[PDB]
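Remarks on the structure that follows.
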Amino acid sequence: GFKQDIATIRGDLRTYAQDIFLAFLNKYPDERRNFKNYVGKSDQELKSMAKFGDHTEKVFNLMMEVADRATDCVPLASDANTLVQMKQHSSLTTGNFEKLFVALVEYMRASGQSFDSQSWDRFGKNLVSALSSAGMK
Ligand code: HEM
Ligand SMILES: Oc1c(Cl)cc(Cl)cc1Cl
């Protein structure tokens, strides 16, 4: 289920983080334009850039912390607060996050593995509503 998926992802975090983030950028090319340094790079070129690996891993680490602190795929209000308040996130709307979760769920469904896709979809929806409640546009 959702809790095991957290353990699966954490076990090979940089690999999942990279593959899911690439899926996101490839499914929504306009989102790439928010990442100036990733414009004009293939998947394999990105996977050779230090900040790409680092940043995707740090993003997914925080995702997994929020996922683990959630109850029944409902994240803590305080965690939503953090994601809204981050300087790095002042440009964002909730649509950016919805898109990331759509790509994430589609990745999980396509994979050979027994991810609880439905729970991640619901976690995504609940996080987007929590971000809105914490004041994201
Ligand atoms: C649960 C979802 C997400 C989490 C947990 C998260 C977490 C973080 C973290 C930890 C950082 C700092 C990375 C670093 O500076 O090394 C960060 C930076 C950033 N995030 Fe996110 N993020 C999420 C979703 C998004 C989405 C959907 C976008 C855009 C479409 C976005 C755009 C950014 C940008 C532009 C930065 C730049 C900060 C920098 O230059 O260091 N994030 N995010
Ligand atoms: O370099 C970044 C990556 Cl790869 C992903 C995100 Cl969400 C943010 C930043 Cl600043």
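Labeling convention for the structure tokens: chains A, B, ... as they appear, residues from 1 per chain, ligands from 1 in order of appearance.
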If you count only C-alpha atoms, which residues fall within 12 Å of stretch 106-113 of chain A, apart from same-chain ones fewer than 4 positions away, as number ranges by chain? A: 1-2, 4-5, 8-9, 16-24, 26-27, 99-102, 117-121
Contacts of ligand 1, 8 Å or closer, only C-alpha atoms and all ligand atoms, given as an MDAnalysis selection string: chainID A and resid 31:32 34:35 51 54:56 58:64 66 83 86:89 91:92 94:100 127
Pick out the residues sitting within 6 Å of stretch 67-77 of chain A, and hand them over as a ChimeraX atom specification; count only C-alpha atoms, and ignore anything fewer than 3 positions along from it in its own chain. /A:64,80,123,126
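Using only C-alpha atoms, the nearest neighbour of residue A:128 within the list A:114, A:90, A:79, A:52 is A:79.
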DSSP on the backbone: what in stretch 8-130 of chain A comes out helix (DSSP H, G or I), as a VMD selection string? chain A and resid 8 to 11 13 to 27 29 to 32 36 to 38 43 to 46 50 to 69 77 to 85 87 to 89 94 to 110 117 to 130
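For the pair atom CA of residue A:93 and atom CA of residue A:132, the separation is 8.7 Å.
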Using only C-alpha atoms and all ligand atoms, the best pick from A:43, A:57, A:30, A:12 as closest to ligand 2 would be A:57
Which residue out of A:41, A:36, A:14, A:125 has the minimum interatomic distance to residue A:53 when only C-alpha atoms are used? A:14
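In this structure, atom CA of residue A:48 sits 19.2 Å away from atom CA of residue A:33.
Each of A:46, A:104, A:135, A:78 was checked against ligand 2 using only C-alpha atoms and all ligand atoms; the smallest atom-to-atom distance is that of A:46.
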Considering only C-alpha atoms and all ligand atoms, state which residue in the set A:49, A:7, A:28, A:44 is at the smallest distance from ligand 2. A:49
Please measure the separation of atom CA of residue A:115 and atom 3 (C, counted along the ligand's line) of ligand 2, giving the value in Å to one decimal. 23.6 Å
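In this comparison, which uses only C-alpha atoms and all ligand atoms, the residue of A:25, A:6, A:136, A:130 approaching ligand 2 most closely is A:25.
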